[PDB]
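Encoded as structure tokens, the following chain is the form deposited in one PDB entry, with no partner shown.
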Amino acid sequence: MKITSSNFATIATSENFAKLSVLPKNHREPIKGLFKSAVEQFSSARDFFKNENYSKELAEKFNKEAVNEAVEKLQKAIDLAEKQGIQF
């Protein structure tokens, strides 16, 4: 229902991803893309700290903006899936 940075990994699971298999193709594929896009962006959200050309304060802002976008993407994927009757 509600996505945050602190429950993201608990909801963006492969079990929940497999719940989308009850959706027809032209509804399932976009939600799957949003889901996977959110997973990818969340996963690499701290990569800015691995870059020694970025100051730690600059890597912080980028980290925060990347997590927030990933949260927004997963929230949309869940919202669109819930509008088609899927319960999480």
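Shifts are known only where both forms have a C-alpha. Rigid core (definition): largest C-alpha set, two forms, superposition within 1.5 Å. Heads up: residue numbers just count along the shown sequence, starting at 1.
- In this crystal structure, the stretch out of 26-34 and 53-61 whose C-alpha atoms carry the higher mean B factor is 53-61.
- Compared with the other modelled residues of the chain, the Cα B-factor recorded for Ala66 ranks in the highest third.
- Sorting the modelled residues of the chain by their CA temperature factor places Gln75 in the lowest third.
Although not depicted, the form deposited in another entry is the subject of the following passage.
- In this overlay on the rigid core, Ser37 has a C-alpha that sits less than 2 Å away from its partner position between the shown form and the other one.
- After superposition on the rigid core, the Cα atom of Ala12 is displaced by less than 2 Å between the shown form and the other one.
- Once the cores line up, the CA of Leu80 ends up 2 angstroms or more apart between the shown form and the other one.
- Panel note: the distance between the CA atoms of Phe48 and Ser14 is smaller in the other entry than in this form, the difference being 3 Å or more.
- Between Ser43 and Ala59, the C-alpha separation grows by 3 Å or more in the other entry, relative to the conformation displayed.
- Where the rigid core is used as the reference frame, a consecutive stretch of 3+ residues with C-alpha displacements of 2 Å or more between the shown form and the other one occurs only at 46-88.
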